[PDB]
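First the structure, in the form of structure tokens, and then the observations on it.
What you see below is based on every heavy atom in this structure, not just the backbone, and it leaves out hydrogens, waters and symmetry mates. Here is the naming used below: chain letters follow the sequence lines, and residue numbers restart at 1 for every chain.
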Number of protein chains: 2
Amino acid sequence: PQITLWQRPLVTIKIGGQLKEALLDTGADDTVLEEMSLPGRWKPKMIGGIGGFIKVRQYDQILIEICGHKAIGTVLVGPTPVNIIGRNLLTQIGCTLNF
Amino acid sequence: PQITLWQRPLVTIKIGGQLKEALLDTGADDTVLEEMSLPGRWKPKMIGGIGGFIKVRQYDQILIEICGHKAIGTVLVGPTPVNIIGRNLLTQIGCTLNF
Ligand SMILES: COC(O)c1ccc(CN2[C@H](COc3ccccc3)[C@H](O)[C@@H](O)[C@@H](COc3ccccc3)N(Cc3ccc(CO)cc3)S2(=O)=O)cc1
């Protein structure tokens, strides 16, 4: 579909059998989700943006469905105020910026 | 044009007669630039990122060229990691997300 930017680009995603609302963020290198439980081992990481840095847990090879499109990639889990779908996953669904 | 997301969506902008690099950010409601001098009076504003909130200076009706497209709108100036072009200006140049 074509998503206009008059409003925040929010979409429904499915991860771990859970449905969540996430923001399609072209400015984000990776994907970051609010605290939740995921299977497998993880590695600590620090990511920063406006306001500073936060500590997150890095999970690799996670399956996520974005608007019906399946994708696989790294997902960071931590105290983020909003669920963010970054470039690592946006490329997998063929998302492009157009003007 | 059509911009893929395998790499950061960095573009050249022109503001105050100078060329700078900026990130097309769909997750950002507003446009935030690194410390610089702009004309007129400014007002205060608090914006939130992944790490918390920061104080920035808000300048209105500022002329800015993005990839050759002329826009006139609100620009925020503060301690941001990189120059960010947000939805307020992406909508002016007719930018959309597609997949
Ligand atoms: C309630 O909460 C919100 O509404 C809420 C909404 C959106 C965000 C996301 N953020 C801004 C939005 O900025 C603005 C601008 C103007 C007005 C309001 C917000 C932006 O969209 C994002 O792309 C980037 C920008 O940061 C960087 C840092 C370094 C390099 C490049 C970009 N984010 C950080 C980030 C870093 C690393 C990873 C993982 O890789 C993922 C994400 S952010 O700063 O956090 C947070 C909270």
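Taking OG1 from B:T74 and CD1 from B:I62, the interatomic distance works out to 8.5 Å, rounded to the nearest 0.5 Å. Rounding to the nearest 0.5 Å gives a distance of 8.5 Å between CG of A:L97 and CG of B:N98. Taken from OH in B:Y59 to NZ in B:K45, the straight-line distance is 15.0 Å, to the nearest 0.5 Å.
Most heavy-atom pairs under 4.5 Å with chain B: of the set A:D25, A:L10, A:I47, this distinction falls to A:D25. Each of A:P81, A:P9, A:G78, A:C67 has some count of heavy-atom pairs under 4.5 Å with chain B, and the biggest count is that of A:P9. Between chain B and the options A:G52, A:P1, A:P79, heavy-atom pairs under 4.5 Å are most frequent for A:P1. Heavy-atom pairs under 4.5 Å with chain A peak, among B:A28, B:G49, B:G48, at B:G49. Among A:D29, A:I50, A:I54, the residue with the largest count of heavy-atom pairs under 4.5 Å with chain B is A:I50. When A:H69, A:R8, A:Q7 are compared by the number of non-hydrogen pairs under 4.5 Å with chain B, A:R8 comes out ahead.
Only the side chain of B:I84 comes within contact range of chain A, with heavy atoms under 4.5 Å apart. Both the backbone and the side chain of B:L24 come within contact range of chain A, with heavy atoms under 4.5 Å apart.
Donor-acceptor pairing under 3.5 Å is lacking for the side chains of B:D30 and B:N88.
Using a 4.0 Å cut-off between charged side-chain N and carboxylate O, A:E35 and A:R57 make a salt bridge.
Remark: B:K14 NZ is loosely packed, at most 12 non-hydrogen atoms of other residues, nucleotides or ligands lying under 6.0 Å away.
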